[PDB]
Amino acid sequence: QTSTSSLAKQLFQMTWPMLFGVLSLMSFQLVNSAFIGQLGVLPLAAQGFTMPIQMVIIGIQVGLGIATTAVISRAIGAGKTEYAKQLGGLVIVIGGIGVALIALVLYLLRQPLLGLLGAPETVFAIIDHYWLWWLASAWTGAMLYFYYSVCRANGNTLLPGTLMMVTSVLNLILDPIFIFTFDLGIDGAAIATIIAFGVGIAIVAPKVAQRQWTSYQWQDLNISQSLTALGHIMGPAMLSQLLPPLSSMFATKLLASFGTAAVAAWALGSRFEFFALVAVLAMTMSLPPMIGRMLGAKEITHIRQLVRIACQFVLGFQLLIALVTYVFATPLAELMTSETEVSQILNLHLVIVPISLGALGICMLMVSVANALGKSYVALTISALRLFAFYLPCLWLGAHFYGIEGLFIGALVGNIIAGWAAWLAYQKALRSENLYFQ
């Protein structure tokens, strides 16, 4: 009886610092957009065309972290102590060089990239000097995140969780000082980020080295086999990241047919989703290290128990959020926007979609769990199935025959099927190979 209780408590202590960390980031990024917005239309338009490349940088970013968490934590479970810290140092290296190359390429090809996005001619002039500072903030942020991945892989989410809160507060304070006081404008937004993340790096890196989680003594390390182990998970994981923006991207091509108010409501509605799913998002970062470590230690019974405990939480916890959002949908929508036409559409989104978020959370959880078991291709399938087989077809059918209301209903049944399909893929993955014999 203690076994279930012990696992449930281990999961909670592992997840709650990740949760407060995730909440800190999204909170600041909202306040940061308000700060940039006070500069003018053209600056805010410049930040708008930067988000596409950000989601790609972040896509590559967490793709490596997922591989890092899975490969390293499993080595610890197997008792491969030295191999675990050598990999830690290897991740920091390939992440540092790889992201530096992307950032270098992105800046050189800015003029064509903004062409495919079709930006105003004035926005080009802002990007020329903003992306220099911003891509530097992107590299710095990726590095800090890589240190976090090494911490989580060693069973520590408290330290990255704590530093995410510290890095957000510092970023919040430096924002008005560098943007307005020092009068740097939009550049001050990126500069405030480099310093906030740099200070985060200054704290975590000595701590990680102190516990010998990173090593650069690669004298007895098979580089090619180690890069194969990482790349095996990293490969499909990045592709899995390229799909969720396409869920909201392709949805805005459909949206434009119903006016400028339907689009604005969906931007707000989908923004609510991320906050309504922070618990699952945090669990996506705390569950893989536990699973990966147990897989190496052949604790297969506890893996099944933990995943089911985590599944029961997500299903029940998102049911409550759905219920709360349901009864308070009208004042919530009117609080999120003062545009009456936008509020009414958003009102409909908050009583239809949120009840499906428990199913979508399961889908998210299975993708992260599948990756932790080394099943990166099983994970990619679930992601691709969710997007092209269920979500997009259901959105389009509802939008074609029933308009904005049908589109929301489509999102509902699309998430329910996805989550139920994600669970079955998981069950099938356990029967494909006996985990007791690797």
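Don't overthink the numbering: it's just position in the shown sequence, from 1.
On average the C-alpha atoms of 95 to 103 have higher B-factors than those of the other stretch, with 95 to 103 and 281 to 289 being the two compared. Per the PDB record, of the two stretches 290 to 298 and 231 to 239, 231 to 239 carries the greater mean B-factor over its C-alpha atoms. Within the group 369, 382, 41, 64, the record's highest C-alpha temperature factor is found at 41. Ranking 194, 329, 189, 315 by the C-alpha B-factor listed in the PDB entry places 189 at the top. Residue-level temperature factors show residue 58 in the middle third of its chain, judged at the C-alpha atom. When the modelled residues of the chain are ordered by C-alpha B-factor, residue 408 sits in the lowest third.
Among all modelled residues in its chain, residue 141 ranks in the lowest third by Cα B-factor. Residue 272 sits in the middle third of its chain by CA B factor, as recorded in the PDB entry. Among the modelled residues of its chain, residue 149 has a C-alpha B-factor that falls in the lowest third, as given in the PDB entry.
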